[PDB]
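In structure tokens, one chain follows: the form deposited without ligand 9JI.
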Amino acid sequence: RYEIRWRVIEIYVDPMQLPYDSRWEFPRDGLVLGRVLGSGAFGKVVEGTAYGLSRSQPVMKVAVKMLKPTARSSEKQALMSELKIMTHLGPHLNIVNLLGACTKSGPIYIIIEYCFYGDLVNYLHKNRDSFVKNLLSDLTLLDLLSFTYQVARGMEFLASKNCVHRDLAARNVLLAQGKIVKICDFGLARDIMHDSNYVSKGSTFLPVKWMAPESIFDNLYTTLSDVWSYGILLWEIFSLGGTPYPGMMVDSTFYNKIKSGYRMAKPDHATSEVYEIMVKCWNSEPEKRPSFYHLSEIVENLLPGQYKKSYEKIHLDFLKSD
């Protein structure tokens, strides 16, 4: 069934034992549902308009997560668990934030931030052929570095909450208005049983091409394994939406080849400094990989100083907005 891939370290936190703060409860007729943004095997994410959800934005475009009407009660529980995890984590500029929920009398709706530009993969495919003050407003290398920095800041936030993503990839990174990057788990809009990014391993389907060796062979997921996935994500960005390990099929050969030390070559549009970051993220020893805090420091030094000021002004607006 559908279940968010995110996990919080307590031994993992059991989301069914977490409380649901009813302050998030939003009346159902305050929500008007629109077209689908992504439809998967267990549910979908649709556009919506929320009335009175924000005092500063009395009429606000949102996104809404929901299951199929045939959802079993155990699938309903999984959606509540994701809802509880999001309230437990709290908000940050660079994650798809929870805004409210409809959990009384009927299907569970999770109301989340609407991201105008969609996922990063489709955004890169849209602007591949076209490849300072307008970086964070409505491609160039600076755009790619802006994406690189904001993902690091978003993952630094998740890491600071002892949260492991476990499916970090460009398909799970959305772009909102102002070119603000927002990490999420968009698995509800996918069918991992019929998606070439997910490979049958054991009794499930896993994003093997994005997974660190310790996650593949030892089922160990840590923030440092997210850093490996972050390096693969950077390959996606600077290849302008390319598929990792192009031409190679995931089989027993692939696992041992990566374990033996094979790594992707530099993407054509990556700088030498950007590729060195990816190489660091792909260290076989997880403790040699840089933390997301250090990654944010490294990438920030690759961007113009005025970008950092523009970022924090947007960040400030986010924190002051209610």
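Sequential numbering from 1, following the sequence displayed. Think of the rigid core as the biggest set of C-alphas that the two forms share within 1.5 Å after superposition.
The next section is about a form of this same protein that is not shown, the form solved in complex with ligand 9JI.
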Label the site open or blocked after overlaying ligand 9JI from its pose in the deposited complex onto the shown form by the C-alphas around the site (blocked when 3+ ligand atoms sit within 2.4 Å of backbone or C-beta).
blocked
Every residue in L206, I216 and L233 with a non-hydrogen atom within 4.5 Å of ligand 9JI in the deposited complex?
no
Hey, of 235-243, 110-118, 193-201, 140-148, which bit sits against ligand 9JI in the deposited complex at 4.5 Å between non-hydrogen atoms?
110-118
Check each of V274, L37, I258, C281 and return the one that places a heavy atom within 4.5 angstroms of ligand 9JI in the deposited complex.
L37
As a check of understanding, the residue in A63, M264, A270, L31 with any heavy atom within 4.5 Å of ligand 9JI in the deposited complex should be identified as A63
Is it the case that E156, even though its partner is missing from this view, gets within 4.5 Å of ligand 9JI in the deposited complex, heavy atoms only?
no
Is there a heavy atom of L53 lying 4.5 Å or less from a heavy atom of ligand 9JI in the deposited complex?
no
Any non-hydrogen atom of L79 within 4.5 angstroms of ligand 9JI in the deposited complex:
yes
Should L174 be classed as touching ligand 9JI in the deposited complex when contacts are defined as heavy atoms within 4.5 Å?
yes
Could you pull out the residues of 167-188 that have any heavy atom within 4.5 Å of ligand 9JI in the deposited complex?
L174, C184, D185
Rigid core superposition between this form and the one not shown: residue from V208, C163, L99, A189 with Cα shift of 2 Å or more:
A189
Cα displacement of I232 between this form and the one not shown reaching 2 Å, rigid core superposed:
no
After the core is overlaid between this form and the one not shown, has the C-alpha of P69 moved by 2 angstroms or more?
yes
Does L18 move appreciably between this form and the one not shown, meaning a CA displacement of 2 Å or more on the superposed rigid core?
yes
Quick one: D191 and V164 C-alpha atoms, closer or farther in the deposited complex compared with this form (3 angstroms or more)?
closer
Given that the shift is 3 Å or more, do the Cα atoms of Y221 and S203 end up closer or farther apart in the deposited complex than in this form?
closer
